[PDB]
Number of protein chains: 2
Amino acid sequence: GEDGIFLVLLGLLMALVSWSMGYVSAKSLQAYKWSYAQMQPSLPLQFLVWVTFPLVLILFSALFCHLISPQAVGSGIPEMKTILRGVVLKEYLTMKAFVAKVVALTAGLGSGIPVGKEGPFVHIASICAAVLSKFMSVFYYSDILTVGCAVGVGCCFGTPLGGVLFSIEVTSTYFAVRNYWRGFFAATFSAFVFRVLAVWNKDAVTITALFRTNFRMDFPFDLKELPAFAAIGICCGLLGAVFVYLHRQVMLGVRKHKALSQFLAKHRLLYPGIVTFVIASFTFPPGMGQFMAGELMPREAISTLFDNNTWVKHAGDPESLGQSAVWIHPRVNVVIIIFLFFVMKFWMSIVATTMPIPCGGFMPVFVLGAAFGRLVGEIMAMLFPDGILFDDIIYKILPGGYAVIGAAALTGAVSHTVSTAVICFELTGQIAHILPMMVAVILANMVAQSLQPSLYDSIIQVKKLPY
Amino acid sequence: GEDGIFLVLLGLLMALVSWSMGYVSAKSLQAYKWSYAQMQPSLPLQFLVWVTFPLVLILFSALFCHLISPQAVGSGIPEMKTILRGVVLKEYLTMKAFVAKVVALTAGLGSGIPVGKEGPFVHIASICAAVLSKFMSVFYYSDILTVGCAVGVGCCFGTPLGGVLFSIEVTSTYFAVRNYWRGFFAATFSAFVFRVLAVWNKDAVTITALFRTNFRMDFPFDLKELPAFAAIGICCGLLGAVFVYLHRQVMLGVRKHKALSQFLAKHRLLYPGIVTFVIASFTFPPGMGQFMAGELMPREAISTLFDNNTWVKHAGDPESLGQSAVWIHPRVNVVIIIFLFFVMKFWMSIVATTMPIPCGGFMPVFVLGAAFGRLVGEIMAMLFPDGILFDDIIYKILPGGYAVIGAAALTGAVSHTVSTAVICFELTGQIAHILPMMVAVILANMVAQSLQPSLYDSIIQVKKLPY
């Protein structure tokens, strides 16, 4: 009936908005890279471009939000949980918030600073759901909004099924099966539009298509390397709790310290400014970014960390791994650069999600999990250079496979969800990594749940949301 | 805490019970085939073996159930829905029911008669959940039973994630996310045990491992053949409604007709007897089974219908497709034999799920959907012998891929679920068939929901369950 039209419109509109956002963000990232390379010889000028491009974009995000809608900052999942639990917010689901969030998120995603997309997208989609509901009906509420959430993450990860399931877990305590089906229908239409848009504009934005891996794995799967996948999970759960803890601590700190809050209220663009500056100054490729693959932007990181190669073996021969040759440093061993990437991007992601801009957490923690997973996988490939024999099969170590698992585990420990495995399955391949991933993500969730709250639940607490 | 132990025990116990059941059922199917082949020259004796083996096993199933627990018949999902909605039944979750169901289902699955496994398994698992809860705690209830449901279908399809999601959709109207995580943990442990059991006993029972396909498909996917996948969905929705309708009509008919019910009450083994006899007499390979691949047993059918070949092209050259050469009849064209399989197995499945034995519906309708899908795919391969060019890629038709989609669509129209796509994704490959399957299953659900109730909802109505 009318609900069917609502779902179709939701999917279509979201796919279009998401595509547009991603397109402009990708074009901005290309200009970033091009401008940096245009100042090639001059090192001080390379620094200028490398730090000011993100600075301008993040400062713009903050300013735009502040001016248009100051409630279009900081994810959407925490506040959607509150709204779905009855407590409607202020001007959260308004049209100004839409404009603010969409433009400011595009700018944040085209800066290279590790900000998220999933959170803001859920809010963007819920605004669109509310708007579409008004446009259709007036020209329950929880049902409308919960489908919004589903298509938000569905169009964010470019993963229909996984997205719907993710939303259900992060935005609801008791879901209705009707809303599950409705969200799935709308998300499949979003994916349909995405496929048509792909045919139309080819290159444009590769909406999560770089994360499609090419792992030729044997179906039975080595249960001798399952302990490693489980260890990834356990450690990712611990690190997920550390992420949540440290993020909450910084989030509280900047306001709970009277002097800090006062100073930052007088100068609203000081906090985003300094954070962006230091992040970009540490990712400067001819500076510290050579030891942490700072040249790589969020998406490129995941695309290379999910490679079908073994960096530890092709270290003597770089320039053969493609875009994954930035991880091989002339001197520093790959393992140590993946470690430094993880460490550096841990604090970077924590402080970037604290900035007054639209920022979520999935992608930052996804690249962090991928880094941890890859580190483990590369060490496993160093410990087992000839592979591990199981029954009669010498299973070779695929470090990129470990990365996929690690990504799902850390991003499932931070968000307290087990649907990240499904998101990963659809973004990559499926079999021979189902059990490994399941074990890892479940173990991660367990450890993290026992230690700290979820990112969104912790943000609810920081903002003292009625919930 | 104690819940973690409950989940681990549930998964372990279910994996063991399911494996044992499947092992004995597979050994029975092997004896069936062996005995049939031992009477090779004598056609009347081949008939005897072909019809009496299933007869004995089904009559035994019925008798065992009747004697031990007469409430261990007819699926479990319909009655689990009722129990989960507060209305506890009689001696449904008792230990006699366990024995009855497990033994009788093993016999029904080793007969070759199209009976299901998913439904009874959900009941078997819920009994085990209740028993484990008593064993643990005494030595809420809905939470315990819900996890049982999840691990039941998880160990049935050998699909952890898909199973959990399936159960949520078929046994609940409003699910809690806690139960989702709990069910997932228990189902991943079930899968873990299954992997260990596989290593241990190798051949034994190939727990849904024959359905693992080898489709080398191109990622972008032909949107020019998407209309065909959508048509599969629409038609599968119509056929799913016909299945439900006809099954309900037969189910009501046998009791609503006074004379029939009276006669069948005096002779309880008459109905199962005659149904089994006629099904087996029509699947007799040197009789009518040559035109409907009756030699193939439920699992073998799915394994061959999910082949990476094109029967329409290798018809002049059979004995090269392997076990899929039974579909190529010397005279009758493959397409017509797949059609006859579908038609014959449609009524067969409808009347087999009406028998007084433990019987579900997933697998019967899964093979029916696979047949329909394959028929479409083979016709598509006949209409497009050189493939269909999209952008710059000549996508070749993979009839087996269409079968996977058809299976998910018809089994999602009968059960009114969209999680069958995920079950299929995990049973087979994933990418390049996500959107096709999603579209198909959603369209199937839509058409079917608009026409008839779900199988389980219709059974609830037949049995006048309070629900």
Side-chain angles (χ1 to χ4, degrees), chain A residues 4 159-162 164-165 168-181 184-185 187-189 191-192 194-196 198-199 202 209 212-214 219-221 223 226 390-391 416-419 421-422 425-432 434-435 437-439 441-443 445-446 449, chain B residues 4 159-162 164-165 168-181 184-185 187-189 191-192 194-196 198-199 202 209 212-214 219-221 223 226 390-391 416-419 421-422 425-432 434-435 437-439 441-443 445-446 449:
Chain A
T159 294
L161 204 129
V164 184
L165 257 327
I168 281 156
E169 273 148 72
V170 286
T171 68
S172 198
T173 164
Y174 282 107
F175 207 86
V177 234
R178 29 124 134 122
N179 293 336
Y180 166 59
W181 303 323
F184 191 52
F185 177 63
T188 46
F189 198 77
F192 162 72
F194 268 136
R195 293 328 207 131
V196 180
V199 172
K202 276 322 156 194
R212 260 77 211 210
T213 67
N214 3 275
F219 164 72
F221 126 85
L223 262 111
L226 185 60
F390 196 19
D391 338 277
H416 283 182
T417 54
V418 270
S419 32
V422 211
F425 291 150
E426 273 158 273
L427 268 182
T428 67
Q430 258 233 153
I431 12 243
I434 309 256
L435 223 254
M437 215 161 304
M438 234 113 248
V439 170
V441 186
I442 284 164
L443 287 193
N445 269 242
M446 282 174 25
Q449 259 135 219
Chain B
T159 294
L161 204 129
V164 184
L165 257 327
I168 281 156
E169 273 148 72
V170 286
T171 68
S172 198
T173 164
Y174 282 107
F175 207 86
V177 234
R178 29 124 134 122
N179 293 336
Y180 166 59
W181 303 323
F184 191 52
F185 177 63
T188 46
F189 198 77
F192 162 72
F194 268 136
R195 293 328 207 131
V196 180
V199 172
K202 276 322 156 194
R212 260 77 211 210
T213 67
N214 3 275
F219 164 72
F221 126 85
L223 262 111
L226 185 60
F390 196 19
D391 338 277
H416 283 182
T417 54
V418 270
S419 32
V422 211
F425 291 150
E426 273 158 273
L427 268 182
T428 67
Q430 258 233 153
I431 12 243
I434 309 256
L435 223 254
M437 215 161 304
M438 234 113 248
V439 170
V441 186
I442 284 164
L443 287 193
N445 269 242
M446 282 174 25
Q449 259 135 219

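Chain identifiers are assigned alphabetically (A, B, ...) following the order of the sequence lines, protein sequences preceding nucleic acid strands; residue numbering begins at 1 within each chain.
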Gap separating the [atom1] atom of [X] from the [atom2] atom of [Y], nearest 0.5 angstrom:
X       : Y       : atom1 : atom2 : result
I434(A) : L161(B) : CD1   : CG    : 7.5 Å
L435(B) : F189(A) : CG    : CZ    : 10.5 Å
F185(B) : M438(A) : CZ    : CE    : 13.0 Å

Quick check: do [X] and [Y] have side-chain heavy atoms less than 4.5 Å from each other?
X       : Y       : value
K202(A) : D391(B) : yes
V177(A) : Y174(B) : no
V439(B) : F192(A) : no
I168(A) : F175(B) : no
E169(B) : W181(A) : yes

>> Under the rule for side chain to side chain donor-acceptor pair (under 3.5 Å), what residues qualify as partners of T428(B), not counting sequence neighbours?
In response: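 Testing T428(B) for side chain to side chain donor-acceptor pair (under 3.5 Å), a comparison that skips the adjacent residues, returns none.
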> Which bit of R195(B) is near chain A, if near means a heavy-atom gap under 4.5 Å: side chain, backbone, both or neither?
Replying inline: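 Contact with chain A involves both backbone and side-chain atoms of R195(B).
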Taking side chain as everything from C-beta outward and backbone as N, CA, C, O, which of these in [X] sits under 4.5 Å from a heavy atom of chain B? Side chain, backbone, both or neither.
X       : answer
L443(A) : neither
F390(A) : side chain
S172(A) : backbone
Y180(A) : side chain

> What are the two closest non-hydrogen atoms of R212(A) and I431(B), and how far apart are they?
Replying inline: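 Smallest heavy-atom distance, with atoms named: NE-CG2, 4.3 Å.
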> What is the minimum heavy-atom distance between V199(B) and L223(A), and which atoms define it?
Replying inline: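 Shortest heavy-atom contact: CG2-CD1, 4.3 Å.
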>> Quick check against the 3.5 Å criterion: does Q430(B) have a side-chain atom that pairs as donor or acceptor with the backbone of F425(A)?
In response: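 Indeed, once roles are kept as given, a pair shorter than 3.5 Å links the two residues.
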